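Structure first, then comments.
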Amino acid sequence: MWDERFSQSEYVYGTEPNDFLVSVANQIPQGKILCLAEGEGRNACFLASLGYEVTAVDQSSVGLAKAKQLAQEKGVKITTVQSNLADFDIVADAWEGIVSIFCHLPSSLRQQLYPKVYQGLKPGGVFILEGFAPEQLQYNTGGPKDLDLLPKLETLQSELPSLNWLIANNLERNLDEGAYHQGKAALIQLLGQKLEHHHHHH
């Protein structure tokens, strides 16, 4: 036996302490992590400051350049992919790990994406979905276009019986007010993870 190095050199990862996003990061493998297109790819650079090699996709250069900007500013590396969720999205054969921050897609790209997370995502990527209630866009607080673009547990969990979810529950969050005393939000959260437990049967 040649020699074994005494690993005295620690490196605690300089990352801002976060509530939700650190649990999913604890689930994600510390290797090559594929992020999908999202209006806030800020989460990608967070995962990179964890010492992880993060490769981010966005169909727009505005998301990629912003993720890559925060990378250099945080002293970390992204791999910038300009790809499309109907053609090249998530390939767990080419990549090692995956993170998919809540999929905002119309029925066209949406019904393209769910078969890609079923077949294309092999175990070792996490699907992070924060959906909204049909009462949410009706609050007139905001909306992408229509309550159609709200990804709900009914749809998401049904399309992924392979990707069993660590989190599948309705979580309430208060909206910024103190007048109506009922300016709250009915939300739902999903964390898909690689099953260390196989589907239990005989």
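In the structure tokens, chains take letters A, B, ... by order of appearance, with residues numbered from 1 within each chain and ligands from 1 in the order shown.
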
How close does each residue of range 129-202 of chain A get to range 23-32 of chain A, giving the shortest atom pair and distance in Å to one decimal for every residue with an atom at most 10 Å away, counting only C-alpha atoms, sorted by chain and residue number, as a Markdown table?
```
| residue | atom | partner | partner_atom | distance |
| --- | --- | --- | --- | --- |
| A:166 | CA | A:24 | CA | 9.7 |
| A:191 | CA | A:24 | CA | 7.2 |
| A:192 | CA | A:24 | CA | 8.9 |
| A:193 | CA | A:27 | CA | 6.8 |
| A:194 | CA | A:27 | CA | 8.2 |
```

Write the residues of the preceding selection, restricted to N, CA and C atoms, as a compact mmCIF listing (two decimals), in the first residue's frame.
```
# COMPACT_ATOMS: atom_id res chain seq x y z
N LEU A 166 -40.72 12.78 -1.29
CA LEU A 166 -40.44 12.95 0.14
C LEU A 166 -41.46 13.93 0.77
N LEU A 191 -41.23 17.47 -3.14
CA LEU A 191 -39.81 17.15 -3.29
C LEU A 191 -39.69 15.70 -3.75
N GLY A 192 -39.35 15.52 -5.03
CA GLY A 192 -39.01 14.21 -5.56
C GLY A 192 -37.54 13.93 -5.33
N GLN A 193 -37.21 12.69 -4.99
CA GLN A 193 -35.83 12.25 -4.71
C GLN A 193 -35.61 10.81 -5.19
N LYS A 194 -34.33 10.46 -5.44
CA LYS A 194 -33.92 9.08 -5.73
C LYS A 194 -34.37 8.17 -4.59
```

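Using only C-alpha atoms, the nearest neighbour of residue 125 in chain A within the list A:33, A:46, A:66, A:183 is A:33.
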
Members of range 32-193 of chain A assigned alpha helix (DSSP H) by DSSP, as a VMD selection string: chain A and resid 42 to 48 61 to 74 107 to 115 153 to 158

Quick one: residues within 12 Å of residue 107 in chain A, only C-alpha atoms, excluding same-chain residues fewer than 5 positions away - as a list in words? residues 86, 112, 113, 114, 146, 147, 148, 149, 150, 151 and 155 of chain A

Identify, with DSSP run on backbone atoms, the residues in range 33-100 of chain A assigned to strand (DSSP E or B), and express the list as JSON, numbers by chain. {"A": [33, 34, 35, 53, 54, 55, 56, 57, 78, 79, 80, 81, 84, 88, 97, 98, 99, 100]}

When you look at residue 82 in chain A with a cut-off of 12 Å (counting only C-alpha atoms), what residues show up, excluding the ones that are within fewer than 2 positions of it in the same chain? I need them as number ranges by chain. A: 35-37, 55-65, 79-80, 84-85, 87-89

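Atom pair CA of residue 108 in chain A / CA of residue 187 in chain A: separated by 23.9 Å.
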
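Proximity ranking of A:77, A:189, A:163, A:145 relative to residue 130 in chain A places A:189 first, based on only C-alpha atoms.
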